[PDB]
Amino acid sequence: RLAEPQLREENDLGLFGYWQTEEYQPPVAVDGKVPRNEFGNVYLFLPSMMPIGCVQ
Numbered sequence: 546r547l548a549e550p551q552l553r554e555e556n557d558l559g560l561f562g563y564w565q566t567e568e569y570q571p572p573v574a575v576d577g578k579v580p581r582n583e584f585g586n587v588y589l590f591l592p593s594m595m596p597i598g599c600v601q
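For the record, in the sequence shown the residue sitting at position 2 is 547 according to the working numbering, with numbers rising by one throughout.
Pasting the structure below:
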């Protein structure tokens, strides 16, 4: 928004309701590789989000 003033008032954040979301499914490591997000990391806000077969 600072770089482009036209986007200052643009609503670029999307909000989803409860009915639009399903239960989270833990990932499973493949070929001994830890699953990664789009940034190449793993989100571990909760222990249930830990990949199956992986230990912290």
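Beta carbons are placed, not taken as given, at the ideal position from N, Cα and C, and that holds for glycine.
Exercise. What do you reckon, are the CB atoms on residue 592 and residue 579 nearer than 8 Å?
Worked result: No.
Q | Backbone CA spacing between residue 588 and residue 554 [nearest angstrom] | A | Roughly 30 Å between the two C-alpha positions.
Inset, instruction - Figure out for me which residue from 600, 594 and 601 has the closest Cα to the Cα of residue 568. - result: When 600, 594 and 601 are compared, the shortest CA-CA separation from residue 568 is found for 594.
query: Hey, out of 582, 584, 573 and 585, whose CA is closest to residue 599's CA?
result: Checked all of 582, 584, 573 and 585; the closest Cα to residue 599 is 573.
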